[PDB]
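*Asks:* Here it is: the structure, laid out below.
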Amino acid sequence: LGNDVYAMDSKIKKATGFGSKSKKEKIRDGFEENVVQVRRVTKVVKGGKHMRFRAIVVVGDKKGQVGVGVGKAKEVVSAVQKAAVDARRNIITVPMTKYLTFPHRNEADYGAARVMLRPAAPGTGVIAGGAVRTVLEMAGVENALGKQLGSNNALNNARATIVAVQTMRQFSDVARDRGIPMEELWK
Amino acid sequence: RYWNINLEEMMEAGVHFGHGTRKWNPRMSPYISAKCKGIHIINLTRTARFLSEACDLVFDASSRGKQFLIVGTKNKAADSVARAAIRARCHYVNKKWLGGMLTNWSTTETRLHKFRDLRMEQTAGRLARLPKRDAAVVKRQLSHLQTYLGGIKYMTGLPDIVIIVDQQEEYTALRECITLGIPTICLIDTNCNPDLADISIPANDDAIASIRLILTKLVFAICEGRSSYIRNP
Amino acid sequence: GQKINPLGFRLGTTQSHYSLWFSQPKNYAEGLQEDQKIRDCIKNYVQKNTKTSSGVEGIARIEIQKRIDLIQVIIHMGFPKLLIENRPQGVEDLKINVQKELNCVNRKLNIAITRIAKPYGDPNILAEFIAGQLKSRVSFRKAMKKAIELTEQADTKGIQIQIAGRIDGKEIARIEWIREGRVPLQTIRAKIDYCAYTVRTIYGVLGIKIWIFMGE
RNA sequence: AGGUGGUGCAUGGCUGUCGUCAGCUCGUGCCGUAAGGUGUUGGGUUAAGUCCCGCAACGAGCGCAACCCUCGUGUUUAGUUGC
RNA sequence: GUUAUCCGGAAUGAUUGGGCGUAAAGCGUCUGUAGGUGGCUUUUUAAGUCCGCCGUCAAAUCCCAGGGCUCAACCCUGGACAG
Ligand SMILES: [Mg+2]
Ligand SMILES: [Mg+2]
Ligand SMILES: [Mg+2]
Ligand SMILES: [Mg+2]
Ligand SMILES: [Mg+2]
Ligand SMILES: [Mg+2]
Ligand SMILES: [Mg+2]
Ligand SMILES: [Mg+2]
Ligand SMILES: [Mg+2]
Ligand SMILES: [Mg+2]
Ligand SMILES: [Mg+2]
Ligand SMILES: [Mg+2]
Ligand SMILES: [Mg+2]
Ligand SMILES: [Mg+2]
Ligand SMILES: [Mg+2]
Ligand SMILES: [Mg+2]
Ligand SMILES: [Mg+2]
Ligand SMILES: [Mg+2]
Ligand SMILES: [Mg+2]
Ligand SMILES: [Mg+2]
Ligand SMILES: [Mg+2]
Ligand SMILES: [Mg+2]
Ligand SMILES: [Mg+2]
Ligand SMILES: [Mg+2]
Ligand SMILES: [Mg+2]
Ligand SMILES: [Mg+2]
Ligand SMILES: [Mg+2]
Ligand SMILES: [Mg+2]
Ligand SMILES: [Mg+2]
Ligand SMILES: [Mg+2]
Ligand SMILES: [Mg+2]
Ligand SMILES: [Mg+2]
Ligand SMILES: [Mg+2]
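Protein chains in written order, with full-length UniProt numbering: chain B, 122 to 308; chain U, 4 to 236; chain H, 2 to 217.
Quick look at the structure:
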C-alpha cells in the first residue's frame, strides 16, 4: 500500500480543476453544431421579467450521425453550448442508401408535429422545411422529400424527424427478420 | 467453465417462494411456476439458466478487468453486502443510497475529494486543535460521508458493471444504469417488472437465505473471475 | 441598495493607507492639498508620455510618505516598459516636475517605482484594460470574458466585474455584471481589492467597478 | 474660452426606500413535448434559507451569523502633565 | 412594379387527407319505415372484379423519338401510355 495522500493527489491531479483549465475541445469530437432556433422565454418574478434564452440545436457529422438537443441559459452563448452537450448524449444514426437517401417512405408523430419523409432520386437534393430540413441535412441525407403536416413547432418537428428516421428498417434487416433472402424481396 | 447450482441447494436456501398473490405483477406471469396458499412460487429451471448466464457474464466481465458495484439497502442485505464485497474485493452500497451517484458523477466525485481530505484530517489528529463546534461539525460530515461514500470510496471513474438486490426499493439504481449504458444483474421477486434489468434473476425478496445463496454463488464467480483477471493483465 | 467601498470598510485592518504621513491639524489641509497636486501631475505626465508611444500603462497606485526632510513617492506600476525604456527615465523627468510643484524649501523629493508582479491580479490595471477594449468598440461580452480569463490565469481566487452605462451605444442604459468564484464583501478578514474607473465613449460615459478577492 | 442654460426618461458616481426584511440565485443531474419544476418543498427549531432529521437531488455562491470599532471583569507592562 | 382575376400554399369542406369529454361540434331519450352495411359451410350463376383480342374516343394541344427555319419560340413526320 502506497500512502493515501499521494494516490488521492493522483486522482486529484488526473481530475483537473475547472477553474485552472479552460474549455475548447469540441472540434476534436468530429462534429458540427447548428443553431436552429433562439427564443427568449421568460419567468416572472415580483421584481419583473426574468429573461432566459432557449436554444434548439442539432448536431451532425454530415456523415450519417445526428441528434437534437435543447438548452436554456441567460446568454445566447451558454444556452447554445448546453444545447450542444445535451444533443451529444441523445444522438442516433440514420439508415442510408448507397445514393444517400432513405430506405423507404415513412411518417412520424410527436405532439402535434406530424412528419412525412419519402426517398428521392439522386440529384433532387433535400427539399423540406426548417426543423426537418436542418436535421435531415445535418445527418447527411442527400436526397429526400419531406413535409411536416400538423403543427409547426420547430422543436417537436425535430424530435419527430428523429423518430421517423429511427424506425427506418434497412433491407438487410428485413431480410434477417423475415428469414428470407434479399433477392426474393427485391422482386 | 461451470458453476455451483443444483435443484436441491436452491430448494434448501428457499429461493422458490415470493410475495402474496394480491401483490403480484402479471408482467412476470410468463416465467412464474405455481401458486400456493396465496403465496407465489417461482420457476427454478428458469432461475438456474439465468443464474448461470449471470455468473458467466460476471466471469467474462471480471476477467477482462471491468469494475463491480453491488447494491442492496435493506437491513439484512446491507450486512450481507459489506461481506460480499470484501470477499470479492469490489465496491458496494449498503447504507442509504444517494440519487445521482452514477448519473451525476462530477459532483459526486468532488464529494469524494472532500471525504478524502476528511480521512487525512482524522488520522492526522488535527481535529484535536479545534473548538467543540468545529469537531462535532467535522464529525457530522464524517458520519454522513461514511454512510454515503463508504463502499465506493476506492472507485475512481465510472463503474461499468452494477449488481443489485430487490429492484422494487432500488428504482434509482436501475434508472441511473438504464441511462448511463451500464448492465444490471438483478434480483426479481413476484412484485417487480422484468424491464429494468439487463439480466434479471428470479429470486426472493424477504429471505436473508435466498440473498445469501444467490449472492454467494455470484461472489464466487466474481472471485474466480478475479483470479483469472489477476492472471491475464 | 448601496454597498460601502469595500476598501474603506477595512481600514486599519486588512488594508493600509496610501498617504503615510502625519501633520498637526492646521497643516493637515495644506498637506492634503500637496498630495493632490503631485498625484495629479504624476498621473498626467505618464498618461501623455506612454499613450504617445502607444502602450498599456498600468499605474496601479501612488503611495506618498512625507518625512520632515525628504518626501517619497512610490509608484506601484504594472508595466514600466514605457516609463524606464524612454531615454529620460521617468525617475528624473518626473522628479524635476513634482519637485517644481510641491515646493523646494525644507522638502526635497525622491521617486521610486515598484514592479507589481501580477498585473491582472490588480483590479485597477485590469479595469483600464477593459476600458481600452471597450473604447475600441469591442462588444462588452468579449471584453468581460477576456478579462476573466486573463485574471484567472494570472492567479486569482475570486472576481466580480460590473459595467454600467449605455452599453453598445443602445439608447437605454443598463447594468451588466459577472461574478466568478467567491467574493465575500462582508467578511472584513478578506483581502479585497476594489477599484472604480470611468470611460468616455461616443455615446457617453461608462462605469466599471471591479472586485477582487485574494484570500483570508 | 466661459454657461448654476436644456434634458436624472440619454448617462457615471453617489444616496434613499421597501428592510438589517430573510431572502435571491447558479453549476451538474433528474421530472415535464415545452414555458417551467425539483434543489429552496415535508417533520422539528431558530433573530435568521439558523440548524438537524427526511426527500431525485448533490453541492456551491451572494445574504444571515462571525471576523471590525466602543462599553462592561481580570492579568502583565509602562509611570508625566494624570495619580 | 402596382392593381384585378383564378389555382396553389390551405390537411381551411379532409376520397387519398380532419374533427366532435373540456377548444366550433353527439339530436334530451327511445321505437321504428325507406336507405346503407351484415356470421359460418357447400353449390350455382357471372352483375361487379380480373385477363386477352377488336371497334372507337376527329385533327391540333400535352407526353416520347427524329427532322426544318443559323438557335430558340414556332412548324412538320411517326408513335404511345393513361382513362
Ligand atoms: Mg393527433
Ligand atoms: Mg403546412
Ligand atoms: Mg444592489
Ligand atoms: Mg463648453
Ligand atoms: Mg432614476
Ligand atoms: Mg432580521
Ligand atoms: Mg437545472
Ligand atoms: Mg427533456
Ligand atoms: Mg433539502
Ligand atoms: Mg425562495
Ligand atoms: Mg422554485
Ligand atoms: Mg415545488
Ligand atoms: Mg413545526
Ligand atoms: Mg422533496
Ligand atoms: Mg446560510
Ligand atoms: Mg453580519
Ligand atoms: Mg476603558
Ligand atoms: Mg384543398
Ligand atoms: Mg376523411
Ligand atoms: Mg381541425
Ligand atoms: Mg367554453
Ligand atoms: Mg363545446
Ligand atoms: Mg347524449
Ligand atoms: Mg328534439
Ligand atoms: Mg332503431
Ligand atoms: Mg330493414
Ligand atoms: Mg345483403
Ligand atoms: Mg360472408
Ligand atoms: Mg387527338
Ligand atoms: Mg424533341
Ligand atoms: Mg434544330
Ligand atoms: Mg402529331
Ligand atoms: Mg382505351
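By construction, the Cβ of each residue, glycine as well, lies at the ideal position given by its N, Cα and C atoms.
Here's a check: name, in chain order, each residue in its chain whose Cβ is nearer than 6 Å to the Cβ of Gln158 of chain B, leaving out the five neighbours to either side.
*Replies:* Excluding sequence neighbours, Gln158 of chain B sits near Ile177, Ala275.
*Asks:* Three Cβ pairs or more, each shorter than 8 Å: is that satisfied between the stretch 286 to 298 of chain B and the stretch 215 to 224 of chain B?
*Replies:* At 8 Å Cβ cutoff, the stretches touch.
*Asks:* For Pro186 of chain U versus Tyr34 of chain U, is the C-beta spacing smaller than 8 Å?
*Replies:* No.
*Asks:* Hey, how far is the Cα of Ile149 of chain H from the Cα of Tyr121 of chain H?
*Replies:* Near 9 Å, if we compare the C-alpha coordinates of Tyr121 of chain H and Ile149 of chain H.
*Asks:* So, under 8 Å CB-CB, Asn264 of chain B and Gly246 of chain B are touching, yes? Tell me the CB distance rounded to an integer number of Å.
*Replies:* Rounded, the Cβ-Cβ distance is 6 Å, consistent with contact.
*Asks:* Checking contacts by CB at 8 Å: is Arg114 of chain U closer than that to chain B?
*Replies:* It does not: the Cβ of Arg114 of chain U has no partner Cβ on chain B nearer than 8 Å.
*Asks:* Would you list the residues sitting across from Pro240 of chain B in a DSSP beta bridge?
*Replies:* Answer is B:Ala265, bridged to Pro240 of chain B.
*Asks:* Is the beta carbon of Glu153 of chain B less than 8 Å from the beta carbon of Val191 of chain B?
*Replies:* Not closer than 8 Å, so no.
*Asks:* Please work out which residues of its chain come closer than 6 Å, Cβ to Cβ, to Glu35 of chain H, disregarding the five sequence neighbours upstream and downstream, and give them in chain order.
*Replies:* For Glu35 of chain H, where only same-chain residues beyond five positions count, the Cβ hits under 6 Å are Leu103.
*Asks:* Tell me which residues share the same chain as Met145 of chain H and place their Cβ nearer than 8 Å to its Cβ, disregarding the 5 neighbours each side in the sequence.
*Replies:* For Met145 of chain H, where only same-chain residues beyond five positions count, the Cβ hits under 8 Å are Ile131, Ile162, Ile164, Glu177, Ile179.
*Asks:* Could you name the residues of the same chain whose beta carbon sits closer than 8 Å to that of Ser55 of chain U, not counting the 5 residues immediately before and after it, in chain order?
*Replies:* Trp6, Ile8.
*Asks:* For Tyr231 of chain B, count the other beta carbons within 10 Å of its own beta carbon; 16 or more makes it buried, fewer makes it exposed. Which is it?
*Replies:* The residue in question, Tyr231 of chain B, is buried, as its Cβ has 16 or more Cβ neighbours within 10 Å.
*Asks:* Would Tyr232 of chain U and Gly68 of chain U be called neighbours here (beta carbons separated by less than 8 Å)?
*Replies:* Yes, these two residues count as a Cβ contact at 8 Å.
*Asks:* Kindly indicate the opening and closing residues of the beta strand (DSSP E) around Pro89 of chain H.
*Replies:* Run containing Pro89 of chain H: none; DSSP gives neither H nor E here.
*Asks:* Write down every uninterrupted run of the beta strand (DSSP E) in the stretch 141 to 209 of chain B whose length is 3 residues or greater and which is fully enclosed by it, in chain order.
*Replies:* Runs of the beta strand (DSSP E) inside the stretch 141 to 209 of chain B: 153 to 165, 170 to 181, 186 to 194.
*Asks:* Could you please give me the residues that DSSP links to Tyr95 of chain U through a beta bridge?
*Replies:* U:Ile73, per the DSSP bridge assignment.
*Asks:* Counting pairs of Cβ atoms below 8 Å between the stretch 167 to 183 of chain U and the stretch 86 to 94 of chain U, do you hit three or more?
*Replies:* Too few Cβ pairs lie closer than 8 Å, so no.
*Asks:* Kindly indicate which residue of U:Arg114, U:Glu227, U:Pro134, U:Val141 has the alpha-carbon position closest to the one of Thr126 of chain U.
*Replies:* If we check each option's Cα against that of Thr126 of chain U, U:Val141 comes out closest.
*Asks:* With DSSP run on the structure shown, which of helix, strand or coil describes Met259 of chain B?
*Replies:* Residue state, collapsed to three classes: helix.
*Asks:* Note down, in chain order, every chain B residue with its Cβ under 8 Å from the Cβ of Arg122 of chain U.
*Replies:* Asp125, listed in chain order.
*Asks:* If we cut at 8 Å on Cβ distances, does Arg119 of chain U have a partner in chain B?
*Replies:* True, the Cβ-Cβ gap to chain B drops below 8 Å.
*Asks:* Taking C-beta to C-beta, are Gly205 of chain H and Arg175 of chain H nearer than 8 Å?
*Replies:* Cβ distance not < 8 Å, so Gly205 of chain H and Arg175 of chain H don't count as in contact.
*Asks:* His19 of chain U: buried (16+ other C-beta within 10 angstroms of its C-beta) or exposed?
*Replies:* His19 of chain U is buried by the Cβ-count criterion.
*Asks:* Applying a beta-carbon distance threshold of less than 7 Å, which residues of chain B neighbour residue 246 of chain U?
*Replies:* No answer is possible for residue 246 of chain U: it lies beyond the span of chain U, which begins at 4 and ends at 236.
*Asks:* Return the chain-ordered list of same chain residues with a C-beta closer than 8 Å to the C-beta of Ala204 of chain B, the five sequence neighbours on each side being excluded.
*Replies:* For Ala204 of chain B, where only same-chain residues beyond five positions count, the Cβ hits under 8 Å are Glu154, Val156, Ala176, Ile177, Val178, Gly190, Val191, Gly192.
*Asks:* For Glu56 of chain U, which of helix, strand or coil comes out of DSSP?
*Replies:* Here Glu56 of chain U sits in helix by DSSP.
*Asks:* What are the boundary residues of the beta strand (DSSP E) that includes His43 of chain U?
*Replies:* Where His43 of chain U is concerned, the enclosing beta strand (DSSP E) stretches over 42 to 45.
*Asks:* Near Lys38 of chain H, which residues of its chain fall below 8 Å by C-beta distance, leaving aside the five closest residues on each side in sequence?
*Replies:* Here the set comprises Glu102, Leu103.
*Asks:* Check the DSSP bridge columns for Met289 of chain B and list the partner residues they point to.
*Replies:* Per DSSP, none; premise fails for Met289 of chain B.
*Asks:* Check whether chain U comes within 8 Å of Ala136 of chain B, counting only Cβ atoms and requiring the distance to be less than that.
*Replies:* Judged by the 8 Å Cβ criterion, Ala136 of chain B is in contact with chain U.
*Asks:* Would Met14 of chain U be called buried (16 or more neighbouring beta carbons within 10 Å of its own) or exposed?
*Replies:* By the 10 Å Cβ count, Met14 of chain U comes out exposed.
*Asks:* Going by the DSSP bridge assignment, what does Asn227 of chain B pair with across the sheet?
*Replies:* DSSP output for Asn227 of chain B lists B:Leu238 as bridge partner(s).
*Asks:* For the alpha helix (DSSP H) holding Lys308 of chain B, just list the boundary residues, first then last.
*Replies:* Unbroken run through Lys308 of chain B: none, as it is neither H nor E.
*Asks:* Check whether the Cβ atoms of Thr282 of chain B and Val253 of chain B sit closer than 8 Å, and answer yes or no.
*Replies:* Cβ atoms of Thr282 of chain B and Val253 of chain B: closer than 8 Å.
*Asks:* Under 8 Å, do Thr159 of chain U and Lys164 of chain B count as touching if we go by C-beta distance?
*Replies:* Against a cut-off of 8 Å, the Cβ pair of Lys164 of chain B and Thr159 of chain U comes out as no contact.
*Asks:* Please list the terminal residues of the continuous alpha helix (DSSP H) segment that includes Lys27 of chain H.
*Replies:* Its alpha helix (DSSP H) spans residues 26 to 53.
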